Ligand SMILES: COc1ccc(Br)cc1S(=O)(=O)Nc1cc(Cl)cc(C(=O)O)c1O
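Single chain ahead, written as C-alpha cells, the form deposited without the named molecule.
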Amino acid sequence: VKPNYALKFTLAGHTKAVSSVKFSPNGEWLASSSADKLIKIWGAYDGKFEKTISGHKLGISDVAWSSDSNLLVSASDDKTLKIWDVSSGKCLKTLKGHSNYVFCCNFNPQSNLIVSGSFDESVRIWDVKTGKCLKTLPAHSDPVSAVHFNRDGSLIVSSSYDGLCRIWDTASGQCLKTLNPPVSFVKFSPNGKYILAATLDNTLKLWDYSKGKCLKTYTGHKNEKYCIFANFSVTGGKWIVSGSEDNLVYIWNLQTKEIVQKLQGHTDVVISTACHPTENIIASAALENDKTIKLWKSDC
C-alpha cells in the first residue's frame, strides 16, 4: 500500500520565503507565515485566498492554531509573538519577553497556553487571556528549533541546535527527560507516546519517550541546514511526511521506514509540510526561489 498524492493547487501571494503552513483543527483553513512579515489564510479544499493578517515588523518563522480554529499565534524576528482573531484579522495580544527572534510556537489543546522557542535559547509559556509570560525555561544552550505540546498539554517537547531534545512538565516547568548533531525539529506523535526528531545529518528518528529509545530511522532526504517540519499522516495509511533541501516532499511508511512517495514540483527547499486533520491532504511550502504553497490529495 502506497499513497498517490497528486498536485491540486499552487497558492501564490507571499513575496518572500514561506516559513510555516498549518491546517486549522476544523479542517477548513490553511494558515501560512512568511519572511514577508505576513500571515495568509487559504481555503483547505479549494485553495482560495481568504485574507492577509499583518502587524509584525519583521519576518515570521511560525504560526499555530487554537483548538477551536478561532485564534492564531505567530512567532517573529521582531522578538514578539502575536495572538490574532482569525475572523477579524485583529491582533488581540503582543507577547513580549524574548530577547531575540522567536522561531517556533504552539497552543496547548485547551488553548489557554502558548509555548514559544527563541534564538535567546529559552522556552516561554504564555497565558493566552492576559498575554503575560507565565514561565521562562532556561531550556537550551543554542537557538530553540521547535516546541510542541503532547495530546493533553501535560508535556512540552523542545529541540535545539545544542543537539538536545527535552521533555518538560507543563505545570512545573521542570525537565522530565533529555534525549549530537543539531536537532532541527521535534513533535509528539498523536498518542503522545513517541517523539519525531529531525537532526541536521539528513535523519529523522522516532523515539519512545517513556523508554528513551530510538524505534525508527527515516533517511533518503536532504536536511543539513534548515528547520524542516515533519508530520504523522494518520487519515489513511500511517506515514511520516517531511520537506527536503532537494525541493521534494518525502513520505515514508512509519512501520517499514521505506520511502513510499516523493512529491516533485517545488523549485526551492520544502521548509514546511502539514497533514489535513480528516482528509488525505498535504500542504507543502518552499523558500524564496519558489515562495508558493502546494496542496496535494491522495486516495489513502
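Sequential numbering from 1, following the sequence displayed.
Only in words, not in the display: the form solved in complex with the named molecule, which the text now covers.
- Think of it this way: in the deposited complex, the named molecule has a heavy atom of just one of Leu206, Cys175, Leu71, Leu113 within 4.5 Å, and the residue is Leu206.
- Exactly one listed residue, out of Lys57, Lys48, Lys51, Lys238, brings a non-hydrogen atom to within 4.5 Å of the named molecule in the deposited complex: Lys238.
- Between 84-92, 166-174, 124-132, 190-198, the stretch whose residues reach within 4.5 angstroms of the named molecule in the deposited complex through a non-hydrogen atom is 190-198.
- In the deposited complex, at least one heavy atom of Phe232 sits within 4.5 Å of the named molecule.
- Although the partner is absent here, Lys216 is a contact residue: one of its heavy atoms lies within 4.5 angstroms of the named molecule in the deposited complex.
- Among residues of the shown chain, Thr267 is not one whose heavy atoms approach the named molecule to within 4.5 Å in the deposited complex.
- Using a 4.5 Å cutoff between non-hydrogen atoms, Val260 does not count as a contact of the named molecule in the deposited complex.
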